[PDB]
């Protein structure tokens, strides 16, 4: 069996837009992806609410710096055949600059980490699939939750695409199959979450 790290934020954890509680496992994208691959791959879910690509954020009960946690994830789960990273939604929070630039820079740093990590064995370098999260939409007040800007979130797909092409990795736009909930303008309902896991099965087969 191939092994896959599914690395992300609360969209990967599976936060309900209304309650903030976790979606049933049957609807979480990493579990869905694994079920879709039907015994080919084992998917290790590592979705942390508030996680950024590479920016400290102490507003939660656990460390939100994606790069530090990615290193731990790589060590815990190596050897890995594929790493999938869906991040950027928190990098466009005002505290982290409010713009897509910080998300693409951080994603480039995570790619370099995956590429150059000291794996056991050294030859076990995983492939990488960079996933753009679905863009934000108008929340109830007319804007997305957390002061995020819609137009900046919409820049993540083309910037991540261009980054993946530069670095020689794969890209998928989760916004092409799923939309943010209008309950908060940011998070995904169960249906949209499961549609991401289903949609990722195809590229994950091309890659593996």
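Residue numbers count along the first chain shown, from 1.
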| query | finding |
| --- | --- |
| Higher-B stretch (mean Cα B-factor, as the entry records it), 169-177 or 138-146 | 138-146 |
| Where the record places residue 207 (Cα B-factor, split into thirds across the chain) | highest |
| Residue 123 by Cα B-factor - lowest, middle or highest third of the modelled chain | highest |
| Lowest, middle or highest third - CA B-factor, residue 158 | lowest |
| Among modelled residues of the same chain, the CA temperature factor third for residue 201 | middle |
| Third of chain Cα B-factors occupied by residue 164 | lowest |
